[PDB]
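Take a look at the structure set out below.
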Amino acid sequence: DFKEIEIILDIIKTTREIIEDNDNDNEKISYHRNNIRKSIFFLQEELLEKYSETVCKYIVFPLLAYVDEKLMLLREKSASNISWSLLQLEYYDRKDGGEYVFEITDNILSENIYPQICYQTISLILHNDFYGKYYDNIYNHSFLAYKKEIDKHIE
Ligand SMILES: [Au+]
Ligand SMILES: [Au+]
Ligand SMILES: [Au+]
Ligand SMILES: [Au+]
Ligand SMILES: [Au+]
Ligand SMILES: [Au+]
Ligand code: NA
């Protein structure tokens with residue numbers, strides 16, 4: 001089953017709401033960042049009961065990277081001068097998640113059969129327009145391969 005996917009969907013949902021919204025001050029964004037941080041901890045808690053560290057990483061990191069990408073987009077477009085500190089820096093001291101999502105994805109596809117939740121999580125971020133290093137090239141053949149390939153792992 002999963003209380004996990006319910007948390008993941010909710011993180012995704014609330015993020016999409018933030019971008020769609022016309023006016024956010026830094027207050028609201030901040031409030032949103034902290035709610036995601038609360039959720040991540042419950043997400044990790046639920047994961048570490050059943051799964052390896054590496055598997056939690058494979059699931060949490062892409063989620064953080066999804067959120068950072070979209071908030072970084074909003075922050076750039078935004079009239080208001082809103083600020084965003086990278087979650088992927090906060091949890092993992094790296095900022096190259098535009099790439100790292102795809103190394104995780106490649107591992108998930110090449111290196112083993114991991115629990116289904118790893119495939120679902122990448123799938124979900126991709127079905128929500130996470131581009132990472134392909135932001136300029138939506139039709140990059142590797143990028144399209146990733147989409148087709150992870151989806152062939154789910155029901
Ligand atoms: Au964890
Ligand atoms: Au495979
Ligand atoms: Au989709
Ligand atoms: Au799809
Ligand atoms: Au190919
Ligand atoms: Au699979
Ligand atoms: Na730093």
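Cα-Cα pairs above 25 Å in the chain: how many percent? Here the long-distance tail beyond 25 Å is 27 percent of all Cα pairs in the chain.
For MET72 and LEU48, the difference between the fully extended length at 0.36 nm per residue and the C-alpha to C-alpha distance is 5.7 nm. Under the simplified labelling scheme, the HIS153-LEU9 pair shows an inter-label distance of 2.1 nm, with each label point 7 Å from Cα along Cα→Cβ. Largest GNM mean-square fluctuation among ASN26, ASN34, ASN112, using the chain with Cα springs under 10 Å: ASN112. Given a Förster radius of 25 Å and the C-beta distance between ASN112 and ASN35 as r, what FRET efficiency does 1/(1 + (r/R0)^6) yield to the nearest 0.05? About 0.15, to the nearest 0.05. A full extension of the chain between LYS95 and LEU144 corresponds to an added length of 15.3 nm, given 0.36 nm per residue minus the alpha carbon distance.
So which chymotrypsin sites (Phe, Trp or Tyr not before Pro) in region 119-155 are both in a DSSP loop and have at most 11 other Cβ atoms within 10 Å of their Cβ?
Numbers: sites: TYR119, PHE130, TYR131, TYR134, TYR135, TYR139, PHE143, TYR146; in loops: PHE130, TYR131, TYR135, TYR139.
Here the chymotrypsin sites (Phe, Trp or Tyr not before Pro) that fit, given the DSSP loop and packing criteria, are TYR139.
If I build a Gaussian network model for the chain, linking alpha-carbon pairs within less than 10 angstrom, which residue out of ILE125, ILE11, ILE138 has the largest mean-square fluctuation? Of the options given, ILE138 has the highest mean-square fluctuation. From the alpha carbon centroid of region 3-37 to that of region 76-131 is 16 Å. Farthest toward the positive end of the dipole of the chain, out of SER80, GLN120, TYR146, is the Cα of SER80, where the dipole comes from beta carbon charges about the Cα centre.
Rounded to the nearest whole Hz, the Karplus-based 3J(HN,Hα) values (6.51 cos²θ - 1.76 cosθ + 1.60, θ = phi - 60°) of region 47-59 follow the sequence 5, 5, 5, 10, 10, 4, 3, 4, 5, 5, 4, 5, 9, with x at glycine and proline. For the pair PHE2 and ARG16, label points projected 7 Å from Cα toward Cβ lie 1.5 nm apart.
Every residue, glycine among them, receives a Cβ derived from its backbone with ideal geometry; neighbour counts consider all protein chains shown. Computed from the coordinates by the stated procedures, all read-outs in this text should not be read as laboratory data.
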